[PDB]
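First comes the structure, then the notes that go with it.
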There are 2 protein chains.
Amino acid sequence: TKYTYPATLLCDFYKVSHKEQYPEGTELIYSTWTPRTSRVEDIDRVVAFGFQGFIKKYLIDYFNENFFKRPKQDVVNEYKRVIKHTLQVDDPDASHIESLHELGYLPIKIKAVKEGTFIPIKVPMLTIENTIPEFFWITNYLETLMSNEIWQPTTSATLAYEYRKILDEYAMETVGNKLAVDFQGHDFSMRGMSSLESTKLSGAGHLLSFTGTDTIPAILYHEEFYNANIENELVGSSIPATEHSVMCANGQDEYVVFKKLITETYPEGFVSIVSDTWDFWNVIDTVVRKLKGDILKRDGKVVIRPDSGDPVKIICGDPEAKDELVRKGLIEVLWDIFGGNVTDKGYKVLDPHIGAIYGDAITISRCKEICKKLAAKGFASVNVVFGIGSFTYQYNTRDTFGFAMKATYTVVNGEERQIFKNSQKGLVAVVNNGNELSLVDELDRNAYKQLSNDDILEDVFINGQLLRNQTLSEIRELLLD
Amino acid sequence: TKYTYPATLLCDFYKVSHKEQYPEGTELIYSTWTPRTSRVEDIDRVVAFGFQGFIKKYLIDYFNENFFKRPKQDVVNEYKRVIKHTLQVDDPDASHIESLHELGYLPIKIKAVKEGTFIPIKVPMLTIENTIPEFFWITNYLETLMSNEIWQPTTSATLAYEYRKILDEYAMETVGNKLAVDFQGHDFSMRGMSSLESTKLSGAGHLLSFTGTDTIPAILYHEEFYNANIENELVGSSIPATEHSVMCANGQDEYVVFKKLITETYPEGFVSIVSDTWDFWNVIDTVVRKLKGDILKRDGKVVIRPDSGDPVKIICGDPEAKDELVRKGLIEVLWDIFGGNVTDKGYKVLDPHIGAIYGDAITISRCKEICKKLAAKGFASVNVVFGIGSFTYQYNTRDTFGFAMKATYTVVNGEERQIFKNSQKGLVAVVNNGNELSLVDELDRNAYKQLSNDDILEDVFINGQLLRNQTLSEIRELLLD
Ligand SMILES: NC(=O)c1ccc[n+]([C@@H]2O[C@H](COP(=O)([O-])OP(=O)(O)OC[C@H]3O[C@@H](n4cnc5c(N)ncnc54)[C@H](O)[C@@H]3O)[C@@H](O)[C@H]2O)c1
Ligand SMILES: NC(=O)c1ccc[n+]([C@@H]2O[C@H](COP(=O)([O-])OP(=O)(O)OC[C@H]3O[C@@H](n4cnc5c(N)ncnc54)[C@H](O)[C@@H]3O)[C@@H](O)[C@H]2O)c1
């Protein structure tokens with residue numbers, strides 16, 4: 001028997017108790033979603049992403065399938081059972097649940113900026129309110145769930161963009177175009193995300209900035225919620241790649257192993273071969289070097305993947321190593337063997353038959369450092385592909401960018417009031433102010449209606465209706481152009 | 001129809017390519033799940049938790065509903081479509097998917113230690129292997145998903161127990177029993193987890209040590225996967241509690257608002273009131289004090305909640321403060337107002353009508369410091385409830401306890417071989433060594449069989465049937481007794 005988590009209990013327990021605590025005559029509760037701070041250096045804007053997936057998944061699909069379409073008695077019973085046995089209330093009140101189910105839709109209105117927009121720290125990006133006085137309580141009820149579902153997709157998108165930002169600049173600095181950047185950020189993180197759902201949301205954020213990923217469910221997530229179709233557009237893509245357990249199973253005859261892989265198993269196209277199973281630098285000096293003709297013969301690219309050592313020292317060289325190959329580093333050594341071309345900016349790019357990827361403990365600062373030292377050696381940034389892992393995408397909180405749902409506005413017996421402690425007060429809008437986006441708050445309903453044409457927040461969901469349906473392609477256009 | 005993420009594509013992209021890479025005649029792959037290191041100080045053991053949930057959710061239900069019970073052609077086509085348009089293969093080989101579907105079950109054997117067991121760092125807790133040679137590739141394939149799903153529930157379960165370990169120990173020292181500890185750890189973290197699924201996994205981990213939670217989905221998760229039932233056992237419990245937005249809506253006549261909350265809205269039972277919306281110490285010194293008789297007349301408890309300042313200094317006092325109230329802190333001031341009882345060992349316990357809860361930026365170290373500084377002034381540790389939030393449960397990685405899944409053993413054309421990079425080699429077992437769980441590795445099948453008796457890993461899932469079905473009550477008794 002399939003277990004249904006009631007749509008009316010996807011919250012903190014105390015959310016259930018707030019309805020009775022509001023003042024009598026409360027008709028409206030209005031709350032905003034804001035990144036209040038940044039804990040990541042050089043990042044003062046966040047990449048708005050994730051509202052549509054949450055709205056389609058939970059407010060439309062989940063509530064319709066598991067609440068509104070079901071018998072009224074069943075949703076009432078499921079709510080009463082949990083309240084009765086967890087709050088020790090002998091006879092829980094569910095008349096409001098009855099009334100919501102009889103209404104037949106969620107009486108809320110959600111506005112949000114376009115997904116893909118850069119939002120400065122301390123500028124709200126989404127608002128939610130109730131559209132019928134009787135359900136003043138619904139807004140606050142949903143807050144927990146919304147926060148639970150939308151802070152990770154934005155965080156990942158933002159972090160992903162930072163890599164992208166670095167990689168774009170260096171590309172323009174060292175190549176003069178960014179054509180290779182889409183594949184330079186490669187999601188490796190799925191095994192280290194905390195759940196398949198978190199995997200999907202984080203990986204979708206990654207796919208806003210890059211097309212390279214190993215997180216298959218992220219590609220399909222964009223198919224499910226952002227109208228993507230892999231048959232018509234590059235959502236994500238990846239390459240055949242070996243792994244340490246397979247490398248160890250095949251044995252120590254690394255010449256024959258590599259030769260079989262690149263001449264027989266993958267005679268053409270891309271193939272990534274992890275090379276540090278037994279001795280990395282020996283593999284470069286003795287296997288790859290001996291395979292030069294075969295590598296140059298394939299219509300494709302053999303990508304070398306180290307998976308240990310210091311990323312910067314392995315890629316760019318260790319200046320204090322006695323050994324020449326260790327001193328030079330992978331990119332220079334592969335250049336020495338295979339050569340390549342010179343870009344319009346005077347930088348060296350590897351011959352397209354050989355390549356490099358590094359995906360162990362990659363961080364934003366290490367990506368920046370690798371690009372910087374490579375450029376100092378005359379090598380373009382596009383010579384390395386960065387495997388961006390769970391250290392980047394999992395190791396955050398919702399306070400990494402200071403996100404919070406805050407009630408800022410309420411109507412009680414027709415009286416407008418501002419909600420705060422001691423920050424945003426009253427109704428809010430975000431307007432183009434010169435070349436920046438600016439918060440406007442302390443608005444009453446009249447002033448807010450006046451500003452509506454200038455508010456870059458758009459109606460996204462009212463009363464069960466989806467009002468805006470963005471595509472992955474549209475969001476990528478907004479973000480990167 | 002609704003979007004199906006194919007059961008055969010919940011993995012890193014390169015896992016798809018590994019099948020054709022193994023040596024010819026590979027017949028068995030055997031992998032272990034191990035916490036290889038600890039990044040949390042004073043935590044050298046991990047609380048095994050989550051395997052049963054993952055197996056039930058994905059290995060049984062997801063593969064049955066979305067792969068086996070569906071027509072062969074559909075599951076072949078979905079896989080082919082993704083592989084074609086993401087790996088640039090014009091005709092992907094799906095014969096192995098077809099063969100798995102024809103088999104009708106997962107030819108898989110998973111063994112694990114009992115959930116609730118303390119596992120030392122660097123000792124494996126779970127193994128996985130294929131039961132039919134042709135499906136050697138399935139073990140590797142499942143690796144990613146299983147990791148993605150089982151590191152968080154264990155990590156949370158371990159972190160929660162850390163709090164438990166402290167709260168038990170101070171309880172024994174200050175009161176002489178642990179009767180209060182079950183509610184002293186209260187999960188507040190839902191809005192800050194990265195997804196609702198991660199919320200369920202983490203909160204389920206929290207509920208092994210405590211019964212206090214605001215995470216309703218975690219209680220229901222234990223109902224879904226761990227045979228719990230809130231009608232017959234105490235799975236999780238909570239209380240009515242106010243929030244800043246509610247308090248602000250009710251206005252600054254705080255005496256009237258508090259009095260209505262405790263005499264009319266919640267005349268009995270527990271009720272938590274957040275008291276720092278405008279001035280925390282004025283509320284304590286003016287509102288709570290003036291409500292002393294009403295508070296004492298209720299059949300229940302009023303729980304004061306601060307949500308700002310330094311947690312240690314608010315609870316135990318700021319010794320550098322000039323104001324009596326601030327220097328003494330919440331617990332001593334509440335004692336001055338209401339008094340209470342004195343334990344056998346000389347420690348003060350607040351009158352049962354009044355209480356304290358703190359749930360902002362709570363850490364293990366802060367919990368310990370608050371217990372220590374309360375005891376240093378003769379206050380029992382049971383006087384305050386700890387609201388453990390997303391800072392604790394979200395801000396981790398898989399490598400917080402060094403979790404990795406590594407193939408350690410393979411059979412190739414009948415020959416047993418060890419797998420390891422340059423660590424566990426071969427088949428493994430975990431034996432009790434005088435209440436010291438130790439790893440035994442480098443075992444061939446014969447040696448592993450001779451050790452079957454002393455191996456604490458038990459059969460959990462073989463060839464489609466769940467063989468061990470632990471209850472939440474069993475796990476709690478194993479953990480705490
Ligand atoms: N197609 C492919 O080749 C492919 C696909 C997927 C994964 N992979 C590989 O699998 C691994 C991915 O695993 P990942 O993304 O979880 O690791 P990661 O590379 O993102 O980071 C793991 C390392 O970062 C540090 N780290 C992580 N958590 C930390 C913490 N709390 N505190 C301090 N340091 C911490 C540690 O040094 C850790 O070893 C990688 O080795 C990847 O290359 C490869
Ligand atoms: N029944 C109830 O009263 C109830 C229930 C649920 C939640 N709540 C309240 O809602 C809030 C829960 O929020 P939470 O659990 O996500 O946060 P938390 O209270 O566990 O921690 C928040 C603080 O921890 C620090 N933090 C978080 N991430 C950080 C990071 N990357 N780096 C450095 N510091 C970081 C910060 O100081 C942050 O302000 C709390 O205020 C809680 O009291 C109350």
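The way I read the labels, and the way they are meant: chains A, B, ... in the order of the structure tokens, residue 1 as the first residue of every chain, and ligand 1 as the first ligand shown, with later ones counted on from there.
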
With ligand 1 as the partner and 10 Å as the cut-off, tabulate the residues of chain B that qualify, each row holding the nearest pair of atoms and their distance in Å to one decimal, using only C-alpha atoms and all ligand atoms, sorted by chain and rising number, as CSV.
```
residue,atom,partner,partner_atom_place_in_ligand_line,distance
B:11,CA,ligand 1,6 (C),8.5
B:12,CA,ligand 1,6 (C),5.2
B:13,CA,ligand 1,1 (N),6.2
B:14,CA,ligand 1,1 (N),4.6
B:15,CA,ligand 1,1 (N),7.7
B:16,CA,ligand 1,1 (N),9.8
B:17,CA,ligand 1,1 (N),9.3
B:38,CA,ligand 1,31 (N),9.5
B:39,CA,ligand 1,32 (N),6.9
B:40,CA,ligand 1,31 (N),9.1
B:144,CA,ligand 1,6 (C),8.3
B:147,CA,ligand 1,16 (O),9.5
B:148,CA,ligand 1,16 (O),9.3
B:395,CA,ligand 1,31 (N),7.9
B:396,CA,ligand 1,31 (N),5.5
B:397,CA,ligand 1,28 (N),4.9
B:398,CA,ligand 1,16 (O),6.4
B:399,CA,ligand 1,28 (N),4.6
B:400,CA,ligand 1,31 (N),4.7
B:401,CA,ligand 1,31 (N),8.4
B:402,CA,ligand 1,39 (O),8.0
B:403,CA,ligand 1,16 (O),9.2
B:404,CA,ligand 1,13 (O),8.7
```

Suppose we keep C-alpha atoms; can you now write the selection as a short mmCIF file (atom, residue, chain, number, x, y, z; two decimals), in the first residue's frame?
```cif
data_model
loop_
_atom_site.label_atom_id
_atom_site.label_comp_id
_atom_site.auth_asym_id
_atom_site.auth_seq_id
_atom_site.Cartn_x
_atom_site.Cartn_y
_atom_site.Cartn_z
CA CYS B 11 23.41 7.14 -11.81
CA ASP B 12 26.46 9.01 -12.98
CA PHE B 13 26.61 8.92 -16.77
CA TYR B 14 29.88 6.99 -16.79
CA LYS B 15 28.30 4.11 -14.79
CA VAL B 16 26.40 3.34 -18.01
CA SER B 17 29.70 2.96 -19.90
CA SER B 38 35.60 11.43 10.79
CA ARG B 39 35.68 15.22 10.53
CA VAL B 40 33.62 15.80 13.70
CA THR B 144 25.80 6.11 -7.14
CA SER B 147 25.41 6.52 -1.86
CA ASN B 148 23.16 9.43 -2.79
CA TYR B 395 25.76 21.55 6.69
CA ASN B 396 27.56 18.25 6.10
CA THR B 397 28.86 16.22 3.18
CA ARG B 398 29.28 12.56 2.40
CA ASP B 399 32.91 13.03 3.45
CA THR B 400 31.92 14.39 6.87
CA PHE B 401 32.14 10.72 7.91
CA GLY B 402 34.19 9.76 4.86
CA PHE B 403 31.51 7.57 3.31
CA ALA B 404 32.47 5.85 0.12
#
```

Could you list, as a PyMOL selection string, all protein and nucleic acid residues with an atom at most 8 Å from ligand 2, counting only C-alpha atoms and all ligand atoms? (chain A and resi 12-15+39+395-400) or (chain B and resi 187-193+214-215+238-243+272+274+305+307+358-363+387-393+395)

So the first atom is atom CA of residue B:236 and the second is atom CA of residue B:221; what is the distance between them in Å, to one decimal place?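 Atom CA of residue B:221 lies 10.9 Å from atom CA of residue B:236.
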
Just the residues within 8 Å of stretch 445-456 of chain A, please, counting only C-alpha atoms, with nothing from its chain fewer than 5 positions along; format it as a tab-separated table (two decimals) with N, CA, C and O atoms, in the first residue's frame.
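Result file selection17.tsv:
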```
chain	number	residue	atom	x	y	z
A	113	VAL	N	10.52	36.99	-9.83
A	113	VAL	CA	11.31	37.45	-10.96
A	113	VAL	C	11.48	36.31	-11.95
A	113	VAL	O	11.30	35.13	-11.61
A	114	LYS	N	11.80	36.67	-13.19
A	114	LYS	CA	12.10	35.65	-14.19
A	114	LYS	C	13.27	34.80	-13.72
A	114	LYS	O	14.26	35.31	-13.20
A	427	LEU	N	4.38	45.91	1.70
A	427	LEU	CA	4.49	45.28	0.39
A	427	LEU	C	5.80	45.69	-0.26
A	427	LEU	O	6.38	46.73	0.04
A	428	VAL	N	6.29	44.83	-1.17
A	428	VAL	CA	7.59	45.04	-1.78
A	428	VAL	C	7.45	45.00	-3.30
A	428	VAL	O	6.51	44.42	-3.85
A	429	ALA	N	8.39	45.66	-3.96
A	429	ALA	CA	8.54	45.62	-5.40
A	429	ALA	C	10.02	45.70	-5.70
A	429	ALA	O	10.81	46.15	-4.87
A	430	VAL	N	10.41	45.26	-6.88
A	430	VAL	CA	11.79	45.37	-7.33
A	430	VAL	C	11.76	46.07	-8.68
A	430	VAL	O	11.08	45.62	-9.60
A	431	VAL	N	12.50	47.17	-8.79
A	431	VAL	CA	12.42	48.01	-9.98
A	431	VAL	C	13.81	48.20	-10.57
A	431	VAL	O	14.82	48.16	-9.86
A	432	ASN	N	13.85	48.41	-11.88
A	432	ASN	CA	15.09	48.82	-12.52
A	432	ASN	C	15.39	50.27	-12.15
A	432	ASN	O	14.62	51.18	-12.48
```

Residues near residue B:339, anyone? I mean within 7 Å using only C-alpha atoms, not counting same-chain ones fewer than 3 positions away, as a PDB file with N, CA, C and O atoms, in the first residue's frame.
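Below is the file that was written, result_34.pdb:
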```
ATOM      1  N   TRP B 335      13.875  30.921  37.368  1.00  0.00           N
ATOM      2  CA  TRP B 335      13.927  30.350  38.713  1.00  0.00           C
ATOM      3  C   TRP B 335      13.567  31.389  39.763  1.00  0.00           C
ATOM      4  O   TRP B 335      12.822  31.101  40.707  1.00  0.00           O
ATOM      5  N   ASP B 336      14.094  32.607  39.616  1.00  0.00           N
ATOM      6  CA  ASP B 336      13.758  33.673  40.550  1.00  0.00           C
ATOM      7  C   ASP B 336      12.266  33.957  40.569  1.00  0.00           C
ATOM      8  O   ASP B 336      11.709  34.281  41.624  1.00  0.00           O
ATOM      9  N   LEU B 350      13.402  23.759  37.242  1.00  0.00           N
ATOM     10  CA  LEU B 350      12.358  24.774  37.209  1.00  0.00           C
ATOM     11  C   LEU B 350      10.995  24.170  37.533  1.00  0.00           C
ATOM     12  O   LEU B 350      10.735  22.990  37.277  1.00  0.00           O
ATOM     13  N   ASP B 351      10.128  24.998  38.112  1.00  0.00           N
ATOM     14  CA  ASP B 351       8.744  24.613  38.339  1.00  0.00           C
ATOM     15  C   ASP B 351       8.145  24.086  37.036  1.00  0.00           C
ATOM     16  O   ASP B 351       8.343  24.700  35.977  1.00  0.00           O
TER      17      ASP B 351
END
```

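Shortest atom-to-atom contact with chain B among A:156, A:394, A:73, A:211: A:394, counting only C-alpha atoms.
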
All strand (DSSP E or B) positions in stretch 197-281 of chain A, as a VMD selection string: chain A and resid 212 to 213 215 237 241 269 to 274

File of the preceding selection, C-alpha atoms, as a compact mmCIF listing (two decimals), in the first residue's frame:
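Just written: part_15.txt:
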```
# COMPACT_ATOMS: atom_id res chain seq x y z
CA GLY A 212 28.31 19.00 -19.33
CA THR A 213 27.05 16.74 -16.56
CA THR A 215 23.88 13.78 -13.32
CA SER A 237 25.60 15.51 -22.35
CA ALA A 241 34.59 7.47 -18.80
CA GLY A 269 34.57 10.16 -30.04
CA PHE A 270 35.42 11.26 -26.53
CA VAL A 271 36.63 8.87 -23.85
CA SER A 272 37.84 9.75 -20.35
CA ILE A 273 40.45 7.49 -18.77
CA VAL A 274 41.32 7.84 -15.08
```

**Request:** Quick one: everything within 7 Å of stretch 123-140 of chain A, counting only C-alpha atoms, minus sequence neighbours fewer than 5 positions away in the same chain. Send it as number ranges by chain.
**Result:** A: 15, 19, 26-35, 107-113, 438-439

Measuring between only C-alpha atoms, which one of B:229, B:77, B:198, B:174 shows the shortest distance to chain A?
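Looking at the shortest contact to chain A, the residue is B:198.
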